[PDB]
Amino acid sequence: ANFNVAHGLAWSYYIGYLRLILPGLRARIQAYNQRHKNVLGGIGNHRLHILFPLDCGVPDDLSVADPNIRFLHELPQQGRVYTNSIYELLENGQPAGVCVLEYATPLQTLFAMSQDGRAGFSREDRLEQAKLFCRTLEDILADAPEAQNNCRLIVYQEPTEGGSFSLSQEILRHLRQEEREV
C-alpha cells in the first residue's frame, strides 16, 4: 500500500473546500455582523483560522474539553452545506478574542491511517506526512493570493488539548499578529 497521501490531501483540501469557501467568507462575516449589529456584536477579524496540530489529533467536541475555547455561533452558509464556526477565546478567565476558527479535517485521515493497525505507517510516518501536507497547502495558498488574504494556518507541535500548552494563547498570538498587519 502506498501511503504517500499528503499531496492528495493538500490539493483535495484546497480544490474541494478552501477554493470554494474563502472567496465568500468576508461577505458572510460582514452579513452576520449586520444581522446582529445592535445585539451580538461584531467580528472584526475576517479571516478563516485553520488549526493544524502536527500530531494530527483533531477533536470533534467543539472544544468543550478546553474551557478557554468556546463555540459561540454558527457562521451560516452562502444539498451539500458549507457552514463555519465562530469561537470565543478566553485568557486568565476573561474573554480575550473572537474569530472564525476550525481544524484541518484531513489531518484526521492521517491519524486514522497511523491508528488503523496496518503495517508500514507509523507515528513517525504520520508526522512526515502532516508536515508535507502542511507545506504543500502553504505553497498552494502562496500562489492563490486572494485565498491567503482570507485564510491563516495555525501550525503547532503540542497536543491541542491537555498538558500545559495553551491553544487559546497560541490563537490569540496569531490574532494580534493579524491585527498588526491591518
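Rigid core (definition): largest C-alpha set, two forms, superposition within 1.5 Å. We number the residues from 1 along the sequence you see.
Averaged over structures and residues, the CA distance from the shown form in 4 other deposited structures of this protein after a core fit is larger for 151-159, of the two stretches 151-159 and 52-60. Structural divergence in 4 other deposited structures of this protein between 132-140 and 63-71: following superposition by the core, 63-71 has C-alpha atoms lying farther from the shown form. Coordinates are lacking for 4 to 9 deposited residues between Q78 and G79.
In this entry, the higher average B-factor at the C-alpha atoms falls on 133-141, of the pair 133-141 and 44-52. Relative to its counterpart among 69-77 and 99-107, 69-77 has the higher mean temperature factor, C-alpha atoms as listed in the PDB entry. Comparing the listed residues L153, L62, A147, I29, the entry records the largest Cα B-factor for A147.
The entry assigns its greatest Cα B factor, within the set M113, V58, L127, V39, to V39. Split the chain's modelled residues into thirds by C-alpha temperature factor. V5 is in the middle one.
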